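Just one chain follows, in the form deposited in one PDB entry, and it is written as structure tokens.
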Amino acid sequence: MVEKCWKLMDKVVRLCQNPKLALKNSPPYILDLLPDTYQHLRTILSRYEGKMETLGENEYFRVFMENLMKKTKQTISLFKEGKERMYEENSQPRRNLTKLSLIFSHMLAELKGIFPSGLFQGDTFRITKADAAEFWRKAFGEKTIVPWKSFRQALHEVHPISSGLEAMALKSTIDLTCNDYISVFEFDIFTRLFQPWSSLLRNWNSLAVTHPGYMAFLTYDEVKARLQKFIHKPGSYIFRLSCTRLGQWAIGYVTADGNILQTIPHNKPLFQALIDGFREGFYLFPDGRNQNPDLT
């Protein structure tokens, strides 16, 4: 199965080397991610020499490899079906290749977080927010991976989800690897982004559900492309998950001098960065709109 994944990954790579794609070198870059994923799988296999049956039984690893095969087939099939539209930036098929690149980036980050050094550590994974940790240990103990439905019902007991439509918005926010499971790593990422835990889902409602500035699955170059249309409107800004620093936010904005910059707020929650940035005249027009949410 592992060798079937390599040949599928290999095929995606060859599809992505087509000069017609004019494929942007910036993260997330499938030409980096796939060989990096291969190298890391190679590392895991090497540490499990002999004890290959322990590895082959690990629940997380089983879910991982299944998703990897499924994502790589889905990418192959996207080229097959999209044909010439793969080359028109702005085509839906091309947008889907970008979303897939992001999903591969999230998969590799999750793999590395669960198998750092190639040995399974999902059961000893250290959850960043102490409140969030305590919820995970209480409901799931030392499990690495739980089905969406089962994550949803446990979370709902402590932080009520308003509606099925919000549950689905929530799922597409937290399930970075897009596989209907929630890992302890994905949980850590979400609860870092949307802390504090005490108001977790109201934070996420304010920052993502009702905020026009939030860009679910958007890369650095897509932010830059999107703000380009607001180049004559200084104070326009949008924000999103950083791809390369998973767990932290990236804000893109148009300066009065006609630059498009992106920054990763530190030592300041998103909430405060956004409010300060409003007040200082930098973050005024979320996705170029005249009206800005009041996050106070």
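Just so we're on the same page, rigid core means the largest C-alpha set that superposes within 1.5 Å between forms. Residues that one form lacks are left out of the comparison. The first residue of the sequence shown is number 1, and the count goes up from there.
If you look for the form solved in complex with a partner chain, you will not find it shown, but the lines that follow are about it.
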{"query": "Interface residue in the deposited complex among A139, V146, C178, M107, criterion: non-hydrogen atom within 4.5 angstroms of its partner chain", "finding": "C178"}
{"query": "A154: touches its partner chain in the deposited complex, heavy atom cutoff 4.5 angstroms", "finding": "no"}
{"query": "Distance check, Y214 to its partner chain in the deposited complex, heavy atom within 4.5 Å", "finding": "yes"}
{"query": "4.5 Å heavy atom contact, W204 to its partner chain in the deposited complex", "finding": "yes"}
{"query": "Residue contact check: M168 to its partner chain in the deposited complex, 4.5 Å heavy atom", "finding": "yes"}
{"query": "Only residue that shifts (Cα, 2 Å or more, rigid core superposed) between the shown form and the other one, among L201, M215, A154, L78", "finding": "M215"}
{"query": "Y60: Cα shift of 2 Å or greater between the shown form and the other one (core-aligned)", "finding": "no"}
{"query": "Large Cα shift (2 Å or above) at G235 between the shown form and the other one, core-fitted", "finding": "yes"}
{"query": "Core superposition between the shown form and the other one, C-alpha change of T244 at least 2 Å", "finding": "no"}
{"query": "Closer or farther in the deposited complex: C-alpha pair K224, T72 (3 angstroms or more)", "finding": "farther"}
{"query": "Inter-Cα distance between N267 and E134 in the deposited complex, nearer or further [3 Å or more]", "finding": "closer"}
{"query": "After core alignment, residue runs (3 or more) whose Cα moves 2 Å or more between the shown form and the other one", "finding": "211-240, 250-270, 272-296"}
